[PDB]
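Protein chains in written order, with the entry's author numbering: chain G, 4 to 13; chain D, 1 to 130, 135 to 217; chain C, 1 to 215. Cβ coordinates follow ideal geometry from the N, Cα and C atoms, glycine included. All remarks here apply to the structure that follows.
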Amino acid sequence: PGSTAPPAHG
Amino acid sequence: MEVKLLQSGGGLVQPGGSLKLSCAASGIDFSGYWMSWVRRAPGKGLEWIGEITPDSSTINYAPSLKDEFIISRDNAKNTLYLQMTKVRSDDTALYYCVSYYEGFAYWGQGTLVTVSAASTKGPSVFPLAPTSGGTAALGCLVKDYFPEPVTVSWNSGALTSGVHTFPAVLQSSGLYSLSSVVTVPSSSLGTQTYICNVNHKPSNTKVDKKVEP
Amino acid sequence: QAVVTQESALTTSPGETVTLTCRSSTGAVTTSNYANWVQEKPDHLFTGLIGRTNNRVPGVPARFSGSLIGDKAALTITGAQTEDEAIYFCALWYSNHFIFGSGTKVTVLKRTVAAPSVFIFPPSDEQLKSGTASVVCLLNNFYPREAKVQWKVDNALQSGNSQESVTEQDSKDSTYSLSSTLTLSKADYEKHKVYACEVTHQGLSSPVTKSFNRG
């Protein structure tokens, strides 16, 4: 499982 | 590697039809990115359509639009999809796919979707007949044509300075209207002839119109 | 059924600070709204500036900063540059969807104010021979962009029957021009006599009115 780019919201 | 979201799809579609838009990602690990679809309509601003997580577990929509759009993705093909169903006039806009990096970070070039039942119509070209401080203003009104675009020249191109061809507006009838204007010496109003050359290619219409005082 | 509101327009000079606000109809704007700021320069060039209230998109200059001011979200541009003239949209997060605000037009003054030259055109007799009359008002070579056009038929203010268009910023003059069209039925046009275009712009100390009578 690689990372996830940070979304525009949480 | 330079990033690029290449969009394809779109065009003119009849009220109630369906479209599918594609967004192929290049230069990023598409698999670990939140993707989103937004749109930009002439009189409106940006409107957020929706978003999808890298695994497709979660797909969020704008409540007003959730029964009209379907967002999906194929990470093996590095592609994001927007499916439009039962479209209406208010869906006419430029649609963009966006990649989230703390914000709307990466954008595609945009895909135009025009929703209209209008038939191809050539324009009617009326004069805008002419004064401020030796300056006069004249032009042509290119009305009731479909679809876009229209081109306008003056005196077959020999006249260019002081020329403003404005963006078309969409009237309630579903037809476009556009204006082209030129300022000239008022000296010239009686010693030069002014003609606007209008080309509406979609309907094979070419009209030359003389503007007189 | 949430409306995000912003300032219509803001004007600044290069080097001054611009503050844009973003308001929610539901209530106060919190960090749970993850305020996002997007910039649109001419020719539909969209750039992400801020996300999650405060987080800059990597590489965006630090002269753009996102914050909360009171119960609103805010984008501050410190030392705004001529490059920063654009429309700034904010988006607020509402649990499961983003709503964008109507956007703010930020002007970064690059030249002196120019009052528009105002011209009025009555319907052509050709167009009259069909069942429509269109009266066109032209605001020529004005700066900055903010302008208002009001249509008046026999001193009566009109609504819902006009549409207007603006050119892009001139390469040479940095100016704009605007075209407004009032559309009426040949009957409605011939019923009244005086057609007036009222123009408000910052280069005019009072509104200019251009008028014509029928015949």
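query                                                                                                            : result
Selection from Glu47(D), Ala62(D), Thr135(D) that minimises the alpha carbon distance to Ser95(C)                : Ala62(D)
Stretch pair the stretch 88-95 of chain D + the stretch 38-58 of chain D: three plus CB contacts closer than 8 Å : yes
Meets three-Cβ-pair contact criterion under 8 Å: the stretch 63-76 of chain C and the stretch 13-31 of chain C   : yes
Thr53(D) to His12(G) span [Cα, whole Å]                                                                          : 12 Å
Member of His204(D), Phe150(D), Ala129(D) whose CA lies at the smallest distance from the CA of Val188(D)        : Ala129(D)
Residue environment, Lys172(C), which counts as buried when at least 16 other CB atoms sit within 10 Å           : exposed
Near-chain G residues of the stretch 90-112 of chain D - C-beta to any C-beta below 7 Å                          : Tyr100, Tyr101, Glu102, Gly103, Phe104
Residue 232(C): first and last residue of the uninterrupted beta strand (DSSP E) it sits in                      : Within the shown structure, residues of chain C are numbered from 1 to 215, placing residue 232(C) beyond reach of any answer.
Cβ of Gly13(G) within 8 Å of any chain D Cβ                                                                      : no
Chain G contacts made by the stretch 23-57 of chain C, where a contact means CB separation under 7 Å             : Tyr34, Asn36, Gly51, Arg52
Buried or exposed (CB count within 10 angstroms, at least 16 for buried), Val125(D)                              : buried
Secondary structure of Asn96(C), DSSP reduced to three states                                                    : coil
Proximal residues, the stretch 133-157 of chain C versus chain D, C-beta separation under 9 Å                    : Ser134, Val136, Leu138, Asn140, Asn141
Length of the line joining the Cα atoms of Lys193(C) and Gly16(D)                                                : 43 Å
Closer than 8 Å to chain C by CB, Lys121(D)                                                                      : no
Limits of the unbroken beta strand (DSSP E) element including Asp148(D)                                          : 139-149
One or two residues paired with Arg40(D) in a DSSP bridge                                                        : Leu46(D), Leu94(D)
N- and C-terminal bounds of the beta strand (DSSP E) containing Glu198(C)                                        : 194-200
Euclidean distance between Cα positions of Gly9(D) and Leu21(D)                                                  : 5 Å
Chain G contact for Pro54(D) (CB, 8 Å cutoff)                                                                    : yes
Close beta carbons around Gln14(D), own chain, < 6 Å, minus the five adjacent residues each side                 : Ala117
For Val173(D), the nearest candidate out of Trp158(D), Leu163(D), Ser165(D), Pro151(D) (CA to CA)                : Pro151(D)
8 Å Cβ cutoff, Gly32(D) in contact with chain G                                                                  : yes
Own chain residues within Cβ distance below 7 Å of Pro217(D), not counting five before or after                  : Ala129, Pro130, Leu193
Close beta carbons around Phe104(D), own chain, < 6 Å, minus the five adjacent residues each side                : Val98
Limits of the alpha helix (DSSP H) - the one that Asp154(C) falls within                                         : Where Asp154(C) is concerned, there is no enclosing alpha helix (DSSP H), given that its DSSP letter is neither H nor E.
Test item: CB-CB of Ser211(C) and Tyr189(C) under 8 Å                                                            : no
CA nearest to the CA of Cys90(C), picked from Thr175(C), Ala187(C), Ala115(C), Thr53(C)                          : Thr53(C)
Reference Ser89(D); option with closest CA among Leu5(D), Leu12(D), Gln7(D)                                      : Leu12(D)
Extent of the continuous beta strand (DSSP E) to which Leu139(C) belongs                                         : 132-142
Cutoff 7 Å; reference residue 217(C); Cβ partners in own chain excluding five residues on either side            : It is not possible to answer for residue 217(C), since the shown part of chain C is limited to 1 through 215.
Listed by chain order, chain D residues near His201(C) by CB distance under 9 Å                                  : Those within 9 Å of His201(C) in chain D number zero; the least Cβ separation is about 15 Å.
Per-residue burial, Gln39(C) [other beta carbons within 10 Å of its own, 16 or more giving buried]               : buried
Simplified DSSP state of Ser6(G), which is helix, strand or coil                                                 : coil
Whole-angstrom distance between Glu164(C) and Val208(C), CA atom to CA atom                                      : 17 Å
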